[PDB]
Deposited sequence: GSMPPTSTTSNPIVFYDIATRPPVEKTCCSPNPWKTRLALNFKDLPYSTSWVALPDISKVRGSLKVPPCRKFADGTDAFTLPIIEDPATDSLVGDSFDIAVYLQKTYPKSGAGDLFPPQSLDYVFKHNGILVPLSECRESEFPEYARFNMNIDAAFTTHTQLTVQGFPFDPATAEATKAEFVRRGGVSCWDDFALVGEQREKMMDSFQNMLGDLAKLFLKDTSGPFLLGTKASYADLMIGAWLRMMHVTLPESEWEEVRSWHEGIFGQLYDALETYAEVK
């Protein structure tokens, strides 16, 4: 009967260390819809859910969210995709790197992901490796960062500044409606969950001092959103 949710295994206790942003989008969306599910943890394509109520097996976070909205439009906090103009572009996308239902939400998903992934080198020193996939995951972080060895990972302050710069651009979107902490003020959307999932990754992996900075910059807009999303952050 209940949905089965496949997530990426991290160091014990997984309930506190789990930090993959795309699975966290689906976790937030499942909690937002208030749906019964249990998590299966997978060691090193995810997230995937299986819904026995429709005999469906759906992969990819965005497509899971569409499925959840089409199948359970009225469950939980209601609509995952309220109409809105998510007028945001990650200007550092470029035009050469090679690349849909709710197109405004789909484009926002891709810009948010690009925005946050370009700063994930800050997360390296704090990543909660599954000891069984640790040497392999480090190898992947090394191949994908363009460094020669794990040890290659002042210049941190520079990185934090760029991160803060990006967050300032994104914060402006939250100033369109200051009646609540979400993009639509008091009404939450899957676009909030998109950002919240990356905030969870940073909260788990950054030095507490740097999480505090992220949390408080630009009038604490992201700290407020993080706190506001806690009601959907149950690890179940």
What ranges of the deposited sequence, counted from 1, have no C-alpha atoms in this structure? 1-10, 55-79, 135-139, 194-197
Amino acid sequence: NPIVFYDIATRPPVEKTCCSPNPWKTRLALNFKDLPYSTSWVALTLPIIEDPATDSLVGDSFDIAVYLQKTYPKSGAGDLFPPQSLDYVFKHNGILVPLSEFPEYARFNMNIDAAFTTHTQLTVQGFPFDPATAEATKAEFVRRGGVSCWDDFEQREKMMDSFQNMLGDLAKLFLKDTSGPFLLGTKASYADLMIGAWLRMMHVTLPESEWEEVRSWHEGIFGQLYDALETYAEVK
From here on, numbers count along this sequence of modelled residues.
Stretch exceeding the other in mean C-alpha B-factor - 107-115, 133-141: 133-141
Average Cα temperature factor in the PDB entry - higher stretch of 163-171, 197-205: 163-171
Entry-reported C-alpha B-factor of residue 187 relative to its chain, by third, is highest
Lowest, middle or highest third: where is residue 54 by Cα B-factor in its chain? middle
What third of its chain, lowest, middle or highest, does the C-alpha temperature factor of residue 40 fall into? lowest
Compare the C-alpha B factor of residue 224 with those of the other modelled residues in its chain, then answer lowest, middle or highest third. middle
By the record's CA B-factor, is residue 27 among the lowest, middle or highest third of residues in the chain? lowest
